[PDB]
Amino acid sequence: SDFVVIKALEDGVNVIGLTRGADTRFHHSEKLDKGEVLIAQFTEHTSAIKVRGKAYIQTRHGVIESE
Amino acid sequence: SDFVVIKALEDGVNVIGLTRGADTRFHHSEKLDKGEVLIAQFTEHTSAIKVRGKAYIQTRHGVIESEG
Amino acid sequence: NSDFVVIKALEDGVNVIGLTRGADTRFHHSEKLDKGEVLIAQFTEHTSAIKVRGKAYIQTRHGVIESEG
Amino acid sequence: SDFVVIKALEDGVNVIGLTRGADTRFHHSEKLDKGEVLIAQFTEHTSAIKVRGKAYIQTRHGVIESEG
Amino acid sequence: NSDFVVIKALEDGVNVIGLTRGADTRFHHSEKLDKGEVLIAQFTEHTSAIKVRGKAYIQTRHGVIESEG
Amino acid sequence: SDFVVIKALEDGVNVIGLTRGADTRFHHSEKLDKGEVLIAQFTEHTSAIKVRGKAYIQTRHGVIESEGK
Amino acid sequence: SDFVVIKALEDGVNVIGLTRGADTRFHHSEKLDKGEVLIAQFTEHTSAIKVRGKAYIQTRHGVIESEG
Amino acid sequence: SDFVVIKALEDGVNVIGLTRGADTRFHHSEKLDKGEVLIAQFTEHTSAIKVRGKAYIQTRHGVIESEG
Amino acid sequence: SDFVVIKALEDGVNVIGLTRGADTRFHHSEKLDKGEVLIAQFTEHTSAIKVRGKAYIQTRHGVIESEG
Amino acid sequence: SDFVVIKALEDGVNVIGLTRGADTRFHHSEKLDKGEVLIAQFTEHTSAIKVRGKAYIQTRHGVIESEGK
Amino acid sequence: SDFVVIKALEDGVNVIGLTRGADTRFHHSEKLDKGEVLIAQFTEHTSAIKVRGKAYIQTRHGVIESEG
Ligand SMILES: N[C@@H](Cc1c[nH]c2ccccc12)C(=O)O
Ligand SMILES: N[C@@H](Cc1c[nH]c2ccccc12)C(=O)O
Ligand SMILES: N[C@@H](Cc1c[nH]c2ccccc12)C(=O)O
Ligand SMILES: N[C@@H](Cc1c[nH]c2ccccc12)C(=O)O
Ligand SMILES: N[C@@H](Cc1c[nH]c2ccccc12)C(=O)O
Ligand SMILES: N[C@@H](Cc1c[nH]c2ccccc12)C(=O)O
Ligand SMILES: N[C@@H](Cc1c[nH]c2ccccc12)C(=O)O
Ligand SMILES: N[C@@H](Cc1c[nH]c2ccccc12)C(=O)O
Ligand SMILES: N[C@@H](Cc1c[nH]c2ccccc12)C(=O)O
Ligand SMILES: N[C@@H](Cc1c[nH]c2ccccc12)C(=O)O
Ligand SMILES: N[C@@H](Cc1c[nH]c2ccccc12)C(=O)O
């Protein structure tokens, strides 16, 4: 199953997981401080991922940056 | 399953999931504020995704941009 | 796990039309896009062909093609 | 499962689906007007596709053009 | 999910002949193409070999080849 | 499943299927005259293919030529 | 299943496994000292990994560096 | 499933199929005259193939040439 | 499964397997002397591998070096 | 399943298949003379292959050459 | 399933299988003299392979050389 790499470029970045299934809501928000990296898969419980805050992101489709 | 990356280039962008199945309707709209990124899969419940508003989108077939 | 098509409307009133899978072929849904909206649409248990009408920039795994209104 | 892209270069381009199975005949003809695009899969019901008329065609093996 | 061949007729009366899969081998269908028409034909449960007669431009996963009439 | 493309470069080329299994024998010989093309799979019944006669051959390993008699 | 390579560039780097499932929490934190390498899979129990401290990281998507 | 192409560079090239299983011996020998081509798979009954005589051979790992 | 190559660049390099499962602990420590090479899979019992000591390592993701 | 290509570069080359399982021993030694090519798979019964004698070898990882005593 | 190629560069090189399973111990040591080549899979019984002595090694990750 595929994954996303997120590197926080500032304190307070949120990596938020969205529920798989008929309904869509946030079930977890992981806080990243500056320089921390999270590598996060899609899973049985998480079919969409939202990033809030400034971070460097890598996926299979290349690099993108949130602000 | 494939996924799409959507980065909102202005406030109020909507990423809209359309129902899988014989019926087609919107089941969810995720609102993105400028500079937020959403990475969203195709799923048992979502077989088409629509984006409204200004955004930079990546998929397996390359970059495309939506404009508001 | 199926393939998908990206459609970006280059004018108002673009229609992305889904054709039914199976022995019966007909249109079952027509999605209206206005200028600059994007639809990323899979082939599905219900949709085995997709017709685009109106001016649009389309990406498939075979590359770019453009429809003209 | 594979698909063919068909872009009509004139009115009345006919995309013809041939039946899968021991018998071969057409079971559907989808006409396209100039500039419309049809992205059609091979399926449980369609194992061969014929294009009549002027059309620009993409498949996994590259581009080909039909002449009407 | 089988492979498919692309056949473009370069003259009228090209024949794309499907041969039967299985222990026995015979022609089960000849699809006749006129000049400029394109047939995209899979290998299937019933067709394990395809013969082209007449002048045609052909694409398969191993490249381009041309039949001559 | 893999296939081979055979284009006859003279009359009377044979494309010969050998039986799959513990027994090996020819079960079919498809005659090609000049300019005809056969695109033939490996199958539940054919696990080896012999070409006799002058032909241009494509497989997934590239181009090979058989030389006639 | 995919894996991530982490080389500690300073002492006390923490590679933290997050639980797979409805619940998300840290179930393990592996401490690396300077110059140690950990190569770590996604698994039945671990569906996200977090690195804290200065490290050089390789994944399928290329190289990235965490900072302390 | 993999296959090899064998082109005979002289008369009487011998393509030898070795039996798959705990035992090894040849179960079939197909002779090729000069210029003939055999395209042969690995199968339930053949798990090694030997070529005797001058032949031009292609496999997934490139070209090799047997000499008589 | 994926495997890692580890070449000891000094004596007493440790290639340590961490248990797969809810619990994470060392189950095995393989000591390599200078110049020895260990080629080691991920497996039913081993879902993370830690290298301590100076070594040259290859993974699908490319080269990395652990240092003493 | 993977296979290795072995071309003998002198008489008397041996390609030795080692048994798959908890037990490791030689179950078969195929003797090759100069110029002959063996294309051998890994199988239910053979999980390692040893080559003794001068030979030119291809595998998915590239060319390697065995040298005889 | 993958394999590794080992060419011995001097006499008495040892290619050592380590047991798959909860337990890790040797199980078999194949001695290669100079110039001999062994091509060995990962298997139900072997999940790690050690090379001791001077040898040229190829894996899917490239060339590496052990030193005695
Ligand atoms: N609960 C939704 C979440 C989702 C995934 N991808 C989306 C795309 C758009 C909107 C919502 C989603 C689902 O599993 O289908
Ligand atoms: N409910 C439709 C939604 C859909 C997916 N792709 C489409 C293409 C065109 C029109 C509708 C769609 C389906 O699951 O098949
Ligand atoms: N209902 C038809 C639709 C179709 C798909 N590809 C086509 C090509 C030509 C004509 C019809 C089709 C099918 O599922 O087979
Ligand atoms: N009914 C035929 C259609 C077909 C597919 N490919 C062909 C090639 C030649 C002739 C007919 C065909 C089949 O399913 O096999
Ligand atoms: N009925 C034969 C047709 C065939 C396929 N490929 C061939 C190659 C040679 C001769 C015959 C064939 C089969 O299914 O096997
Ligand atoms: N009956 C043999 C035919 C064959 C395939 N590949 C071969 C290679 C050599 C000799 C015979 C063969 C089989 O299916 O195994
Ligand atoms: N017992 C843990 C080991 C592990 C794998 N990857 C990790 C990443 C971080 C922390 C622990 C791990 C598991 O199988 O999941
Ligand atoms: N327990 C969560 C952990 C997780 C994986 N990826 C995520 C992305 C965002 C938030 C949480 C996660 C899950 O398995 O789904
Ligand atoms: N009967 C043997 C034939 C064989 C395949 N590859 C080999 C390598 C070496 C020696 C014999 C073999 C087997 O199926 O395993
Ligand atoms: N019987 C052993 C053969 C073997 C394969 N790979 C090896 C590597 C080293 C030593 C022995 C082996 C096994 O199947 O596992
Ligand atoms: N018996 C161990 C062998 C092993 C494979 N990879 C390793 C890495 C480190 C330590 C031991 C191992 C296992 O099957 O898991």
# chains A, B, ... in the order shown; residues from 1 in each chain; ligands from 1
call {"tool": "residues_near_ligand", "arguments": {"ligand": "ligand 4", "cutoff": "6 Å", "atoms": "only C-alpha atoms and all ligand atoms", "output": "PyMOL selection string"}}
result
(chain D and resi 19-24+47-48) or (chain E and resi 16-18+29-30+41-44+46-47+50)
call {"tool": "residues_near_ligand", "arguments": {"ligand": "ligand 7", "cutoff": "10 Å", "atoms": "only C-alpha atoms and all ligand atoms", "output": "ChimeraX atom specification"}}
result
/G:2-4,14-20,26-31,38-51 /I:17-26,44-49
call {"tool": "write_last_selection", "arguments": {"atoms": "N, CA and C atoms", "output": "CSV table (one decimal), in the first residue's frame"}}
result
chain,number,residue,atom,x,y,z
G,2,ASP,N,6.8,-2.2,1.8
G,2,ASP,CA,7.8,-1.1,1.8
G,2,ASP,C,8.6,-1.0,3.1
G,3,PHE,N,9.8,-0.4,3.0
G,3,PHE,CA,10.6,-0.1,4.2
G,3,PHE,C,11.3,1.3,4.0
G,4,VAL,N,11.8,1.8,5.2
G,4,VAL,CA,12.5,3.1,5.2
G,4,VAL,C,13.8,2.8,5.8
G,14,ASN,N,15.3,9.0,17.5
G,14,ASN,CA,14.2,8.1,17.9
G,14,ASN,C,13.4,7.7,16.6
G,15,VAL,N,13.3,6.5,16.3
G,15,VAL,CA,12.5,6.0,15.2
G,15,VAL,C,11.2,5.3,15.9
G,16,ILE,N,10.1,5.9,15.7
G,16,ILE,CA,8.9,5.7,16.5
G,16,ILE,C,7.8,5.0,15.6
G,17,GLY,N,7.4,3.8,16.0
G,17,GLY,CA,6.3,3.1,15.3
G,17,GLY,C,4.9,3.5,15.7
G,18,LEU,N,4.0,3.9,14.8
G,18,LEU,CA,2.6,4.2,15.2
G,18,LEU,C,1.8,3.1,14.8
G,19,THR,N,0.8,2.8,15.7
G,19,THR,CA,0.0,1.6,15.6
G,19,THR,C,-0.9,1.6,14.3
G,20,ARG,N,-1.0,0.5,13.6
G,20,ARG,CA,-2.0,0.3,12.6
G,20,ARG,C,-3.4,0.2,13.3
G,26,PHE,N,1.9,5.7,19.7
G,26,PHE,CA,3.3,5.1,19.6
G,26,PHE,C,3.4,3.8,20.3
G,27,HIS,N,3.8,2.7,19.6
G,27,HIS,CA,3.9,1.4,20.4
G,27,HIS,C,5.4,1.1,20.7
G,28,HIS,N,6.3,1.8,19.9
G,28,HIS,CA,7.7,1.5,20.1
G,28,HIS,C,8.5,2.7,19.7
G,29,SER,N,9.6,3.0,20.5
G,29,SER,CA,10.6,3.9,20.0
G,29,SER,C,12.0,3.4,20.0
G,30,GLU,N,12.6,3.3,18.9
G,30,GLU,CA,14.0,2.7,18.8
G,30,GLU,C,14.9,3.8,18.8
G,31,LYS,N,15.9,3.8,19.7
G,31,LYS,CA,16.9,4.8,19.8
G,31,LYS,C,18.1,4.4,19.0
G,38,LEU,N,19.0,1.9,10.8
G,38,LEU,CA,17.9,1.0,11.0
G,38,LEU,C,17.1,0.9,9.7
G,39,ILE,N,16.8,-0.3,9.3
G,39,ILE,CA,16.0,-0.4,8.1
G,39,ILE,C,14.7,-1.1,8.6
G,40,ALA,N,13.6,-0.4,8.4
G,40,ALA,CA,12.3,-0.7,9.1
G,40,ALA,C,11.2,-0.8,8.1
G,41,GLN,N,10.4,-1.9,8.2
G,41,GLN,CA,9.3,-2.1,7.3
G,41,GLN,C,8.0,-1.5,7.9
G,42,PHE,N,7.0,-1.2,7.0
G,42,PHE,CA,5.6,-1.2,7.4
G,42,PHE,C,5.1,-2.6,7.6
G,43,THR,N,4.2,-2.7,8.6
G,43,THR,CA,3.9,-4.1,9.0
G,43,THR,C,2.4,-4.2,9.4
G,44,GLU,N,2.0,-5.4,9.8
G,44,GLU,CA,0.7,-5.6,10.5
G,44,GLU,C,0.5,-4.6,11.7
G,45,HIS,N,1.5,-4.3,12.4
G,45,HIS,CA,1.4,-3.5,13.6
G,45,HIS,C,1.8,-2.0,13.4
G,46,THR,N,2.5,-1.7,12.3
G,46,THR,CA,3.1,-0.3,12.2
G,46,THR,C,2.7,0.3,10.9
G,47,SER,N,1.9,1.3,10.9
G,47,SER,CA,1.4,1.8,9.5
G,47,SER,C,1.8,3.3,9.3
G,48,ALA,N,2.6,3.8,10.2
G,48,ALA,CA,3.2,5.1,10.0
G,48,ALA,C,4.5,5.2,10.9
G,49,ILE,N,5.5,5.8,10.4
G,49,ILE,CA,6.7,5.9,11.3
G,49,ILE,C,7.1,7.3,11.4
G,50,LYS,N,7.6,7.7,12.6
G,50,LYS,CA,8.1,9.1,12.8
G,50,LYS,C,9.5,9.1,13.3
G,51,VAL,N,10.3,10.0,12.7
G,51,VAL,CA,11.7,10.1,13.1
G,51,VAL,C,11.9,11.4,13.7
I,17,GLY,N,18.4,-8.4,14.1
I,17,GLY,CA,17.0,-8.5,13.7
I,17,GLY,C,16.1,-8.2,14.8
I,18,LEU,N,15.1,-7.4,14.6
I,18,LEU,CA,14.0,-7.0,15.5
I,18,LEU,C,12.8,-7.8,15.2
I,19,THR,N,12.1,-8.3,16.2
I,19,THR,CA,11.0,-9.2,16.0
I,19,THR,C,9.8,-8.5,15.3
I,20,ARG,N,9.2,-9.2,14.4
I,20,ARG,CA,7.9,-8.8,13.8
I,20,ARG,C,6.9,-9.0,14.9
I,21,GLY,N,5.8,-8.2,14.9
I,21,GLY,CA,4.7,-8.4,15.9
I,21,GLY,C,4.5,-7.2,16.7
I,22,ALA,N,3.5,-7.4,17.6
I,22,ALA,CA,3.1,-6.4,18.6
I,22,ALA,C,4.3,-5.9,19.4
I,23,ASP,N,5.2,-6.9,19.8
I,23,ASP,CA,6.4,-6.6,20.6
I,23,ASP,C,7.6,-6.3,19.7
I,24,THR,N,8.5,-5.4,20.2
I,24,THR,CA,9.7,-5.2,19.4
I,24,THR,C,11.0,-5.4,20.3
I,25,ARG,N,11.7,-6.4,20.0
I,25,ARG,CA,13.0,-6.7,20.7
I,25,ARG,C,13.9,-7.3,19.8
I,26,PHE,N,15.2,-7.4,20.2
I,26,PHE,CA,16.2,-8.1,19.4
I,26,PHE,C,16.0,-9.6,19.5
I,44,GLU,N,9.2,-13.6,8.2
I,44,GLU,CA,8.1,-13.8,9.2
I,44,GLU,C,8.6,-13.3,10.6
I,45,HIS,N,9.9,-13.6,10.9
I,45,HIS,CA,10.3,-13.2,12.3
I,45,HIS,C,11.0,-11.9,12.4
I,46,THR,N,11.4,-11.3,11.3
I,46,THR,CA,12.2,-10.1,11.3
I,46,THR,C,11.6,-9.0,10.4
I,47,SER,N,11.2,-7.9,11.1
I,47,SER,CA,10.5,-6.8,10.3
I,47,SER,C,11.3,-5.5,10.3
I,48,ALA,N,12.4,-5.5,11.1
I,48,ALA,CA,13.4,-4.3,11.1
I,48,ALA,C,14.8,-4.9,11.4
I,49,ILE,N,15.8,-4.3,10.8
I,49,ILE,CA,17.2,-4.7,10.9
I,49,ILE,C,18.0,-3.5,11.3
call {"tool": "calpha_fit_and_write", "arguments": {"fixed": "chain F", "moving": "chain J", "output": "short mmCIF file (atom, residue, chain, number, x, y, z; two decimals) with N, CA, C and O atoms, in the first residue's frame"}}
result
data_model
loop_
_atom_site.label_atom_id
_atom_site.label_comp_id
_atom_site.auth_asym_id
_atom_site.auth_seq_id
_atom_site.Cartn_x
_atom_site.Cartn_y
_atom_site.Cartn_z
N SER J 1 -0.43 -14.02 -21.40
CA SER J 1 0.47 -15.01 -22.05
C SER J 1 1.19 -14.42 -23.31
O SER J 1 0.56 -13.65 -24.09
N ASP J 2 2.43 -14.83 -23.55
CA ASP J 2 3.25 -14.26 -24.58
C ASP J 2 2.77 -14.66 -25.96
O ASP J 2 2.14 -15.68 -26.09
N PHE J 3 3.13 -13.90 -26.98
CA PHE J 3 2.80 -14.21 -28.35
C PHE J 3 4.01 -13.86 -29.23
O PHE J 3 5.00 -13.15 -28.82
N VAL J 4 3.99 -14.41 -30.42
CA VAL J 4 5.10 -14.20 -31.34
C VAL J 4 4.39 -13.64 -32.60
O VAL J 4 3.22 -14.04 -32.90
N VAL J 5 5.07 -12.76 -33.35
CA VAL J 5 4.57 -12.25 -34.58
C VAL J 5 5.40 -12.92 -35.69
O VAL J 5 6.65 -12.85 -35.61
N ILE J 6 4.76 -13.46 -36.76
CA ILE J 6 5.51 -14.06 -37.84
C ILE J 6 4.98 -13.48 -39.16
O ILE J 6 3.77 -13.59 -39.46
N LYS J 7 5.86 -12.85 -39.96
CA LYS J 7 5.45 -12.33 -41.31
C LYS J 7 6.14 -13.19 -42.33
O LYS J 7 7.39 -13.30 -42.31
N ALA J 8 5.36 -13.83 -43.23
CA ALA J 8 5.98 -14.74 -44.23
C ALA J 8 6.75 -13.85 -45.23
O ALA J 8 6.11 -12.93 -45.78
N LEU J 9 7.99 -14.21 -45.55
CA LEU J 9 8.78 -13.48 -46.60
C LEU J 9 8.83 -14.18 -47.98
O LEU J 9 9.34 -13.65 -48.89
N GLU J 10 8.14 -15.31 -48.12
CA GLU J 10 7.95 -16.07 -49.36
C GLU J 10 6.67 -16.98 -49.12
O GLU J 10 6.18 -17.11 -48.01
N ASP J 11 6.14 -17.58 -50.18
CA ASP J 11 5.03 -18.50 -50.11
C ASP J 11 5.39 -19.78 -49.38
O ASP J 11 6.51 -20.21 -49.41
N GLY J 12 4.42 -20.38 -48.70
CA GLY J 12 4.59 -21.76 -48.19
C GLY J 12 5.30 -21.77 -46.83
O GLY J 12 5.81 -22.79 -46.43
N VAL J 13 5.33 -20.65 -46.08
CA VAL J 13 5.98 -20.69 -44.76
C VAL J 13 5.03 -21.48 -43.83
O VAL J 13 3.80 -21.36 -43.92
N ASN J 14 5.60 -22.27 -42.92
CA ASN J 14 4.80 -23.04 -41.95
C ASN J 14 5.15 -22.60 -40.53
O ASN J 14 6.28 -22.63 -40.17
N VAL J 15 4.16 -22.21 -39.74
CA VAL J 15 4.28 -22.00 -38.34
C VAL J 15 3.65 -23.21 -37.64
O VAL J 15 2.43 -23.43 -37.78
N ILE J 16 4.46 -23.99 -36.91
CA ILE J 16 4.07 -25.33 -36.45
C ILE J 16 3.89 -25.25 -34.93
O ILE J 16 4.84 -24.82 -34.22
N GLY J 17 2.72 -25.60 -34.41
CA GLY J 17 2.61 -25.56 -32.90
C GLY J 17 2.87 -26.99 -32.41
O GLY J 17 2.34 -28.03 -32.98
N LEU J 18 3.67 -27.05 -31.34
CA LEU J 18 4.09 -28.33 -30.74
C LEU J 18 3.25 -28.55 -29.49
O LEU J 18 3.04 -27.55 -28.70
N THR J 19 2.85 -29.77 -29.21
CA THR J 19 1.92 -29.99 -28.11
C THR J 19 2.53 -29.71 -26.72
O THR J 19 3.69 -30.16 -26.40
N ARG J 20 1.73 -29.09 -25.85
CA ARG J 20 2.13 -28.96 -24.46
C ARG J 20 1.98 -30.33 -23.73
O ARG J 20 1.02 -31.01 -24.01
N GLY J 21 2.93 -30.74 -22.86
CA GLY J 21 2.72 -31.94 -21.97
C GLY J 21 3.92 -32.85 -22.07
O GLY J 21 4.96 -32.44 -22.66
N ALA J 22 3.80 -34.07 -21.60
CA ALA J 22 4.92 -35.01 -21.62
C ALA J 22 5.25 -35.38 -23.07
O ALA J 22 6.31 -35.73 -23.37
N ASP J 23 4.25 -35.42 -23.92
CA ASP J 23 4.34 -35.72 -25.31
C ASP J 23 4.72 -34.49 -26.14
O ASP J 23 4.05 -33.44 -26.03
N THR J 24 5.69 -34.65 -27.04
CA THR J 24 5.97 -33.55 -27.96
C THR J 24 5.77 -33.92 -29.45
O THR J 24 6.55 -34.66 -30.01
N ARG J 25 4.77 -33.34 -30.08
CA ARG J 25 4.58 -33.59 -31.50
C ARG J 25 3.87 -32.41 -32.10
O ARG J 25 3.40 -31.55 -31.37
N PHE J 26 3.79 -32.37 -33.42
CA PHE J 26 3.15 -31.24 -34.14
C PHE J 26 1.68 -31.45 -34.11
O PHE J 26 1.22 -32.50 -34.52
N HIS J 27 0.90 -30.47 -33.66
CA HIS J 27 -0.57 -30.67 -33.72
C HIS J 27 -1.17 -29.83 -34.80
O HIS J 27 -2.30 -30.02 -35.17
N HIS J 28 -0.44 -28.80 -35.27
CA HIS J 28 -1.07 -27.97 -36.27
C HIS J 28 0.04 -27.26 -37.01
O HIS J 28 1.01 -26.85 -36.38
N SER J 29 -0.14 -27.16 -38.33
CA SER J 29 0.80 -26.40 -39.12
C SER J 29 0.09 -25.34 -39.88
O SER J 29 -0.81 -25.66 -40.62
N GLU J 30 0.36 -24.07 -39.59
CA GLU J 30 -0.40 -23.03 -40.24
C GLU J 30 0.45 -22.55 -41.41
O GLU J 30 1.60 -22.12 -41.18
N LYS J 31 -0.11 -22.59 -42.62
CA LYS J 31 0.66 -22.22 -43.79
C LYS J 31 0.49 -20.75 -44.10
O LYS J 31 -0.65 -20.29 -44.17
N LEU J 32 1.60 -20.00 -44.28
CA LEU J 32 1.51 -18.61 -44.61
C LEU J 32 2.10 -18.30 -45.96
O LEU J 32 3.18 -18.73 -46.25
N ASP J 33 1.43 -17.49 -46.75
CA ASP J 33 1.99 -17.00 -47.99
C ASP J 33 2.60 -15.60 -47.87
O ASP J 33 2.40 -14.86 -46.87
N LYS J 34 3.34 -15.22 -48.89
CA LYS J 34 4.22 -14.13 -48.84
C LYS J 34 3.47 -12.91 -48.42
O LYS J 34 2.40 -12.64 -48.95
N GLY J 35 3.96 -12.19 -47.39
CA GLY J 35 3.26 -10.95 -47.06
C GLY J 35 2.28 -11.09 -45.90
O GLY J 35 2.01 -10.10 -45.27
N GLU J 36 1.74 -12.26 -45.64
CA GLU J 36 0.80 -12.47 -44.51
C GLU J 36 1.48 -12.47 -43.16
O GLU J 36 2.62 -12.87 -43.04
N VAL J 37 0.76 -12.03 -42.12
CA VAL J 37 1.28 -11.96 -40.76
C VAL J 37 0.39 -12.87 -39.88
O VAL J 37 -0.80 -12.77 -39.92
N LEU J 38 1.03 -13.73 -39.09
CA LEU J 38 0.35 -14.49 -38.06
C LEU J 38 0.85 -13.96 -36.64
O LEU J 38 2.03 -13.76 -36.47
N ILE J 39 -0.07 -13.71 -35.71
CA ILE J 39 0.30 -13.28 -34.37
C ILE J 39 -0.26 -14.44 -33.51
O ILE J 39 -1.45 -14.59 -33.39
N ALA J 40 0.60 -15.25 -32.93
CA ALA J 40 0.18 -16.49 -32.29
C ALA J 40 0.63 -16.52 -30.85
O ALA J 40 1.78 -16.24 -30.58
N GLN J 41 -0.29 -16.90 -29.92
CA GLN J 41 0.11 -17.01 -28.49
C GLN J 41 0.67 -18.36 -28.21
O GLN J 41 0.30 -19.37 -28.92
N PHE J 42 1.42 -18.44 -27.10
CA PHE J 42 1.53 -19.73 -26.37
C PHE J 42 0.25 -20.02 -25.58
O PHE J 42 -0.45 -19.07 -25.09
N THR J 43 -0.10 -21.29 -25.47
CA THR J 43 -1.47 -21.62 -24.98
C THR J 43 -1.44 -22.91 -24.16
O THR J 43 -0.36 -23.54 -23.96
N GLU J 44 -2.62 -23.30 -23.67
CA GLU J 44 -2.82 -24.60 -23.00
C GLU J 44 -2.29 -25.71 -23.95
O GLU J 44 -1.70 -26.69 -23.54
N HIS J 45 -2.58 -25.58 -25.24
CA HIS J 45 -2.21 -26.69 -26.21
C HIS J 45 -0.88 -26.54 -26.95
O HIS J 45 -0.31 -27.51 -27.49
N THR J 46 -0.33 -25.30 -26.93
CA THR J 46 0.94 -25.03 -27.68
C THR J 46 1.97 -24.41 -26.78
O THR J 46 1.82 -23.25 -26.32
N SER J 47 3.04 -25.15 -26.53
CA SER J 47 4.13 -24.66 -25.63
C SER J 47 5.47 -24.47 -26.36
O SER J 47 6.46 -24.03 -25.79
N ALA J 48 5.50 -24.81 -27.62
CA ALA J 48 6.72 -24.44 -28.40
C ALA J 48 6.21 -24.14 -29.83
O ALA J 48 5.19 -24.72 -30.25
N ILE J 49 6.88 -23.30 -30.61
CA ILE J 49 6.36 -22.99 -31.95
C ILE J 49 7.58 -23.10 -32.87
O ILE J 49 8.65 -22.53 -32.53
N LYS J 50 7.46 -23.80 -34.02
CA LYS J 50 8.60 -23.88 -34.93
C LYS J 50 8.28 -23.11 -36.24
O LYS J 50 7.13 -23.23 -36.82
N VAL J 51 9.26 -22.43 -36.82
CA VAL J 51 8.89 -21.71 -38.07
C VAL J 51 9.85 -22.27 -39.14
O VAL J 51 11.06 -22.19 -38.94
N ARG J 52 9.29 -22.81 -40.25
CA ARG J 52 10.02 -23.30 -41.38
C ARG J 52 9.72 -22.40 -42.58
O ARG J 52 8.59 -22.13 -42.91
N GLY J 53 10.71 -21.98 -43.28
CA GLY J 53 10.52 -21.02 -44.41
C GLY J 53 11.13 -19.66 -44.04
O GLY J 53 11.44 -19.37 -42.87
N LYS J 54 11.25 -18.81 -45.05
CA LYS J 54 11.78 -17.46 -44.84
C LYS J 54 10.69 -16.57 -44.19
O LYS J 54 9.62 -16.34 -44.76
N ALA J 55 11.00 -16.02 -43.00
CA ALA J 55 10.02 -15.17 -42.25
C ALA J 55 10.75 -14.14 -41.38
O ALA J 55 11.84 -14.40 -40.90
N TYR J 56 10.06 -13.07 -41.07
CA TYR J 56 10.56 -12.02 -40.20
C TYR J 56 9.76 -12.20 -38.87
O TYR J 56 8.50 -12.21 -38.89
N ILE J 57 10.48 -12.35 -37.76
CA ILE J 57 9.77 -12.78 -36.50
C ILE J 57 10.02 -11.75 -35.38
O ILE J 57 11.10 -11.23 -35.27
N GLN J 58 9.01 -11.35 -34.63
CA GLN J 58 9.20 -10.51 -33.42
C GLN J 58 8.71 -11.29 -32.24
O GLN J 58 7.63 -11.93 -32.27
N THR J 59 9.47 -11.19 -31.16
CA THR J 59 9.02 -11.68 -29.90
C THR J 59 9.44 -10.60 -28.91
O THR J 59 10.12 -9.60 -29.25
N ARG J 60 9.10 -10.85 -27.64
CA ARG J 60 9.46 -9.96 -26.56
C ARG J 60 11.00 -9.84 -26.56
O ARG J 60 11.54 -8.87 -26.05
N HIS J 61 11.74 -10.88 -27.00
CA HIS J 61 13.22 -10.77 -26.95
C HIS J 61 13.74 -10.04 -28.22
O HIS J 61 14.84 -9.73 -28.23
N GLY J 62 12.95 -9.59 -29.18
CA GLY J 62 13.52 -8.76 -30.27
C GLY J 62 13.17 -9.42 -31.59
O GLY J 62 12.29 -10.25 -31.64
N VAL J 63 13.84 -9.03 -32.69
CA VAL J 63 13.61 -9.58 -34.03
C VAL J 63 14.51 -10.81 -34.27
O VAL J 63 15.66 -10.86 -33.77
N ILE J 64 14.02 -11.83 -35.02
CA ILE J 64 14.89 -12.91 -35.50
C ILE J 64 14.30 -13.30 -36.86
O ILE J 64 13.15 -12.96 -37.16
N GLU J 65 15.08 -13.94 -37.72
CA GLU J 65 14.65 -14.21 -39.03
C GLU J 65 14.91 -15.68 -39.30
O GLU J 65 16.02 -16.14 -39.18
N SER J 66 13.86 -16.39 -39.67
CA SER J 66 14.02 -17.77 -40.14
C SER J 66 14.40 -17.76 -41.64
O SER J 66 14.02 -16.84 -42.39
N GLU J 67 15.21 -18.73 -42.01
CA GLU J 67 15.65 -18.87 -43.40
C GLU J 67 15.24 -20.24 -43.87
O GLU J 67 15.41 -21.23 -43.13
N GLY J 68 14.73 -20.32 -45.10
CA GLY J 68 14.20 -21.61 -45.63
C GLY J 68 15.29 -22.54 -46.13
O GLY J 68 16.44 -22.06 -46.39
N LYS J 69 14.96 -23.85 -46.24
CA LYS J 69 15.86 -24.75 -46.94
C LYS J 69 15.87 -24.41 -48.42
O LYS J 69 16.79 -23.78 -48.90
#
call {"tool": "residues_around", "arguments": {"residues": "residue 53 in chain D", "least_positions_apart": "6", "cutoff": "10 Å", "atoms": "only C-alpha atoms", "output": "ChimeraX atom specification"}}
result
/D:8-15,31-32,65-68 /E:36-38
call {"tool": "select_by_dssp", "arguments": {"residues": "chain J", "states": "strand (DSSP E or B)", "output": "ChimeraX atom specification"}}
result
/J:3-8,13-19,26-32,37-41,46-52,55-59,62-66
call {"tool": "atom_distance", "arguments": {"atom1": "CA of residue 33 in chain A", "atom2": "CA of residue 33 in chain G"}}
result
20.8 Å
call {"tool": "atom_distance", "arguments": {"atom1": "CA of residue 26 in chain C", "atom2": "atom 13 (C, counted along the ligand's line) of ligand 2"}}
result
13.5 Å
